[PDB]
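Okay, structure first, notes after.
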Amino acid sequence: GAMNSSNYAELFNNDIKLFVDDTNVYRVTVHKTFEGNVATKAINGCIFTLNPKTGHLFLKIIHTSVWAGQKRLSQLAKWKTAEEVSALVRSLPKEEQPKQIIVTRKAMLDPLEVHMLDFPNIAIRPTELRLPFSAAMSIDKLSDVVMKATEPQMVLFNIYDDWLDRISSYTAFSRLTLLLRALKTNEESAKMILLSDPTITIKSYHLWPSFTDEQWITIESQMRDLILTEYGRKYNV
Amino acid sequence: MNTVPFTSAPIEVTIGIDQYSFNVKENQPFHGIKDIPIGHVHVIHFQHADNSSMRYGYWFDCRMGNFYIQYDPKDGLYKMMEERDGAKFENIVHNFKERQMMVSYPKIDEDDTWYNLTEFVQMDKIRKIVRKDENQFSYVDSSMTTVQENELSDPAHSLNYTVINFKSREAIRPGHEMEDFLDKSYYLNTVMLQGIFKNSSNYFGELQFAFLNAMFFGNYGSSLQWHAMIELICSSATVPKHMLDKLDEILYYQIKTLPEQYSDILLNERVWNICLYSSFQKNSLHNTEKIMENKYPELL
């Protein structure tokens, strides 16, 4: 059934599972034409497919060529997500295929169900959580590889960097979702907070800065503060 | 014109024949239904005065033999049976008519309703959905489940409708996942019509049979099947013109005939709103859309 606050710790047991987020698959800019009409220009996107237990991120880049000559692109985006996720599963060794795939938007259920008909024992689930994975393109290194791509391309990352050497997957996911929530609510502040100090660098093979344990505590408090402030501003509370 | 005699009426029951029905009192001298039009299937059904659950009844065709009803006090229901002794059967039927203990099947001459509701229903096809090959007639009741219902428990008592499932390998060609889910024409036309039903008339026959069982017995899985087979057509972009026109007639007489008070459980809001208003064939059911809007605008 649906994933919600109640069954949250299920994410960190030893049943393989992936989150699929399609929010950045079909990405456009809107502009005015010479005659004054509106038109869209697609830019490159990505499927964010993430193992919340291990940090492995399967970033499938969606090259603007996919859309060439196609109609109803937002509907097609959903099916291309499902095609690509299904291909990813097929490409994994049996023992690595997920036992569940949790989609972050309910509109992906039917497309993914139809594409996984060959995998009847993989359960396709929705979720009631309001996960912030749309902010994935606020991570500089992910946005860079997406925007530079000249062809379809799968790029693999660990979204937790080396955090799991010192913290549990529960704690790692909570940090990830806090950071991403902050970046979604106020990118500029969130990014300022992460980089204010030039002496804390990002490893070439990492996505985030190499904070010590104590420095992560300060960071996380600053992100929480950011999120609460923005709420008051949104709702005048 | 044919006759279905009754041995007796030991318990108070409401008897239906096709779209007609009569109240019969405990040990009332009721002894059958005469003047039953030859040429169509028919259905006789029962609802006991003491148990307004389990409506039950028998599909039959009088060209296939001489049939009669007898109350069984052990199993406690009216049972249909065949008389093999043709002489002995004409004898009973004449004596009961002579004594005028039979109701006459009350067809208005102007009325094509029953024909319209059974145009494509064949008795041979019914006996494949309701498998009991020692009898020439078929028993159906409120509680019988379908083969598809069972898959998600007794098979001898199942309604073996054709299984339709929009999210199955059968329904979706590998590599046409999106195309085939959004546009079911290949499932309708190749898999179901050419493959399984062979032609539209058998397809329409199961659809009408499923409707009738939902109406007369409240059989839930039959309702499920009626709506699936409507939805498969309406969700197909490419459908033969003759089928659309016939479908519009078929549905019209089904909606027309439905008890008004039952539109809440017999009509699936989603399917109808999608068929009439969103589907490929939104514009191809003009009669069915007009009667639905004038008679059940709430569901829509």
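The listed protein sequences correspond, in order, to chains A and B. Residue numbers in the first sequence follow PDB author numbering, run continuously in steps of one, and reach 2069 at the last position. According to PDB author numbering, the residues represented by the second sequence are 1 to 152, 170 to 317, in order. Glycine included, each C-beta is placed from N, C-alpha and C at the ideal position.
- Cα atoms of B:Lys128 and B:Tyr269: separation of roughly 27 angstroms, rounded to the nearest angstrom.
- For the segment 1911-1923 of chain A, the beta-carbon criterion of a distance under 8 angstroms to any beta-carbon of chain B is satisfied by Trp1911, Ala1914, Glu1915.
- The DSSP-derived three-state label of A:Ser2042 is coil.
- In the three-state reduction of the DSSP assignment, B:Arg190 falls in the coil class.
- When only Cα atoms are considered, A:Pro1884 and A:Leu2008 end up about 10 angstroms apart.
- Per DSSP, the beta bridge partners of B:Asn23 are B:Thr14.
- Collapsing the DSSP output to three states places A:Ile2032 in coil.
- Here A:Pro1943 is near A:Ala1914, since their CB atoms are less than 7 angstroms apart.
- Between the segment 9-22 of chain B and the segment 2045-2060 of chain A, the count of Cβ pairs shorter than 8 angstroms is below three; the stretches do not touch.
- B:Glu315 and B:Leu284 have their C-alpha atoms roughly 11 angstroms apart.
- The three-state secondary structure of B:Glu134, taken from DSSP, is coil.
- Considering only B:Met309, B:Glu82, B:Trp243, the residue with the shortest C-alpha distance to B:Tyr220 is B:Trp243.
- In the displayed model, B:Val147 falls within a helix according to three-state DSSP.
- Straight across, the Cα-Cα distance linking B:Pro73 with B:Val43 is about 22 angstroms.
- The straight-line gap separating the alpha-carbon atoms of B:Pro172 and B:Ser52 is approximately 25 angstroms.
- Here A:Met1948 is buried, its C-beta having at least 16 other C-beta atoms within 10 Å.
- Within the same chain, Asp1993 come within 6 angstroms of A:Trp2040 by CB-CB distance, once the 5 residues on both sides are set aside.
- Within the segment 50-90 of chain B, the runs of beta strand (DSSP E) at least 3 residues long that lie entirely inside it are, in chain order, 56-60, 66-72, 77-83.
- Close to chain B, meaning a Cβ-Cβ distance shorter than 7 angstroms, is no residue of the segment 1862-1882 of chain A at all.
- Contact annotation, B:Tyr58 with B:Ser170: C-beta distance approximately 24 angstroms; criterion of less than 8 angstroms not satisfied.
- If you check the CB distance, B:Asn290 and B:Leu261 do not come in under 7 angstroms.
- Under the DSSP assignment, B:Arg287 falls in the alpha helix (DSSP H) whose first and last residues are 286-290.
- DSSP, reduced to helix, strand and coil, places A:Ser1897 within a helical segment of the structure shown.
- For A:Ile1934, the beta-bridge partners assigned by DSSP are A:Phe1851, A:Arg1957.
- Looking at the backbone, the Cα of B:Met64 and that of B:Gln136 are separated by about 7 angstroms.
- Between B:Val93 and B:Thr3, the CB-CB gap stays under 7 angstroms.
- By the neighbour-count criterion, in which a residue is buried when 16 or more other Cβ atoms sit within 10 angstroms of its Cβ, A:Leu2027 is exposed.
- Sequence-distant Cβ neighbours of A:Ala2014 in its own chain, meaning closer than 7 angstroms and more than five residues away, are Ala2022, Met2055, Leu2058, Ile2059.
- For A:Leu1941, the closest C-alpha among the options A:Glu2062, A:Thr2061, A:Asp1853 is that of A:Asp1853.
- Residue pairing of B:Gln28 in beta bridges, as defined by DSSP: absent, with no partner found.
- Not flagged as an interface residue toward chain B: A:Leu1889, since no C-beta distance is shorter than 7 angstroms.
- Taking 7 angstroms as the cut-off, the Cβ atoms of A:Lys1912 and A:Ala1967 do not count as close.
- If you ignore the 5 residues before and after B:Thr255, its C-beta comes within less than 6 angstroms of the C-beta of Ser202, all in its own chain and listed in chain order.
- For A:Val1946, the chain B residues whose Cβ falls inside 7 angstroms of its Cβ are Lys184, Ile189, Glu194, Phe198, in order along the chain.
- Per DSSP, the continuous beta strand (DSSP E) segment holding A:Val1860 begins and ends at 1859-1864.
- Boundaries of the beta strand (DSSP E) harbouring B:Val43: 42-48, taken from the DSSP string.
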